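Quick note: numbers below take in every heavy atom, side chains included, and nothing from hydrogens, waters or symmetry partners. When a residue number appears, it is its place in the shown sequence, counting from 1.
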Amino acid sequence: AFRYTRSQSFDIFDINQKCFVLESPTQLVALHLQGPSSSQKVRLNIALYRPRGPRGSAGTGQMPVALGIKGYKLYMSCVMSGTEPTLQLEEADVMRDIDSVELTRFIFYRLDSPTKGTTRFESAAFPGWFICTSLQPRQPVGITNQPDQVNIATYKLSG
């Protein structure tokens, strides 16, 4: 279904200028990181994939990516927890091939708006669900089917 093409490292902020920090090995939180800080901003290793597949279904395309938490040996994934879609961080190595519905948990569609300089990330495993931050500081990064509605689901990436 997906085949690895390369990885590139990016800085990331949400549209309100919050960055990510890894508050514990299972929780990424978003905050205005400022003044003095012990806290190390998270960068992303974005692994770009090419399809040979697999569908369906979705609501998105056409840059499938995995999102590595640079330096911490984690990748973001979307899974069901209880009965709710959930963003989690998993100890996973770099995946050359994503060729099962299980491994599709790691794939997001990077949706850039070339004009505005902005990006959304839609889950491939949970179409219509997007990576989001709270309007409040120090809350976990998560996923939502209401992108940008009393959350922020729009980011600025920089190489």
(message) Return the CZ to SG distance between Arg43 and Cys19, rounded to the nearest 0.5 Å.
(response) 13.0 Å
(message) Just verifying a value: how many Å separate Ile107 CD1 and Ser77 OG, rounded to the nearest 0.5 Å?
(response) 11.0 Å
(message) Please evaluate residues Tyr155 and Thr118 with respect to the criterion side-chain contact (heavy atoms from CB on, under 4.5 Å), reporting the C-alpha separation (whole Å), side-chain torsions for both, the decisive distance (0.1 Å), and the verdict.
(response) CA-CA 5 Å; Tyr155 305 93; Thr118 60; over 6 Å; no
Side chains of residues 1-17: which donor-acceptor partners sit under 3.5 Å, not counting sequence neighbours?
unit_1, atom_1, unit_2, atom_2, d
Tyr4, OH, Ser7, N, 3.4
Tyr4, OH, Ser7, OG, 2.7
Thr5, OG1, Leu48, O, 3.0
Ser9, OG, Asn45, OD1, 3.3
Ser9, OG, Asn45, ND2, 3.2
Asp11, OD1, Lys41, NZ, 3.3
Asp14, OD1, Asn16, N, 2.9
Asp14, OD1, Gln17, N, 3.1
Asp14, OD1, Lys18, N, 3.0
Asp14, OD2, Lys18, NZ, 2.7
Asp14, OD2, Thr133, OG1, 2.7
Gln17, NE2, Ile15, O, 3.1

(message) Would you say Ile152 ends up clustered with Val29 if hydrophobic residues are merged whenever their side chains have heavy atoms under 4.5 Å apart, either directly or through other cluster members?
(response) no
(message) Testing the basics here: between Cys132 and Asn151, what is the closest heavy-atom pair and its distance to 0.1 Å?
(response) CB-OD1, 3.6 Å
(message) Taking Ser39's backbone N and O only, do any of them form a donor-acceptor pair with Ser37's side chain (distance below 3.5 Å, no angle check)?
(response) no
(request) Measure the shortest side-chain to side-chain distance between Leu111 and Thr119 over non-hydrogen atoms and say whether it is less than 4.5 angstrom. (result) no
(message) Determine whether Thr60 and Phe121 satisfy the following criterion, side-chain contact (heavy atoms from CB on, under 4.5 Å), listing intermediate values before the conclusion.
(response) CA-CA 9 Å; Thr60 202; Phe121 290 107; over 6 Å; no
(request) Sequence neighbours left out, what passes salt bridge (charged side-chain N to carboxylate O under 4.0 Å, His left out) with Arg138? Give chain and number order. (result) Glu23
(message) What's the separation between atom OH in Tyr49 and atom CZ in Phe106, rounded to the nearest 0.5 Å?
(response) 9.0 Å
(request) Would you please name every residue forming a side chain to side chain contact (heavy atoms under 4.5 Å, CB included) with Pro85, sequence neighbours left out? (result) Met80, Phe126, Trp129, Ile143
(request) Verify the cluster assignment for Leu87 and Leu22: are they in a single hydrophobic cluster under the rule of side-chain heavy atoms below 4.5 Å apart? (result) yes
(request) Could you grab the distance from atom CD of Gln139 to atom OG of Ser134, nearest 0.5 Å is fine? (result) 5.0 Å
(request) Taking side chain to side chain contact (heavy atoms under 4.5 Å, CB included) as the test, write out the residues that go with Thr83, two or more places apart. (result) none
(request) Spell out, yes or no, whether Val94 and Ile98 are grouped together once hydrophobic residues are joined by side-chain heavy atoms under 4.5 Å, including indirect joins. (result) yes
(request) State, with a plain yes or no, whether a side-chain heavy atom of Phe108 is found less than 4.5 Å away from one of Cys78. (result) yes
(message) With a 4.5 Å cut-off on side-chain heavy atoms, are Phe20 and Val141 touching?
(response) yes
(request) Taking salt bridge (charged side-chain N to carboxylate O under 4.0 Å, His left out) as the test, write out the residues that go with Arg120, two or more places apart. (result) none
(message) Please report the interatomic distance CG(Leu74) to CD(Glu91), rounded to the nearest 0.5 Å.
(response) 6.5 Å
(request) Heavy atoms only: give me the nearest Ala153-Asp148 pair and the separation to one decimal. (result) N-OD1, 2.6 Å
(message) Under 4.0 Å between a side-chain nitrogen and a carboxylate oxygen: does that hold for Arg110 and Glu122?
(response) no
(request) Output yes when a side-chain donor or acceptor of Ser24 lies under 3.5 Å from a complementary backbone atom of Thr26, and no otherwise. (result) yes
(request) Return yes when atom CD of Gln40 has more than 12 non-hydrogen atoms of other residues, nucleotides or ligands closer than 6.0 Å, and no otherwise. (result) no
(request) Answer yes or no: is there a side-chain heavy-atom contact under 4.5 Å between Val150 and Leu135? (result) yes
(message) Just so I know, are the side chains of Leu103 and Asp97 near enough to count as touching, which here means a heavy-atom distance under 4.5 Å?
(response) no
(request) Begin with the C-alpha distance, continue with both residues' side-chain angles, and end with the deciding distance and a verdict on side-chain contact (heavy atoms from CB on, under 4.5 Å) for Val21 and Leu31. (result) CA-CA 7 Å; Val21 297; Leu31 43 28; 3.5 Å; yes
(request) Please tell me if the side chains of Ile131 and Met76 come closer than 4.5 Å, counting only heavy atoms from C-beta onward. (result) yes
(request) Check whether any side-chain heavy atom of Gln146 lies under 4.5 Å from a side-chain heavy atom of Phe130, and answer yes or no. (result) no
Report, one line per pair, each donor and acceptor closer than 3.5 Å where one atom sits in a side chain of residues 62-72; sequence neighbours left out.
none

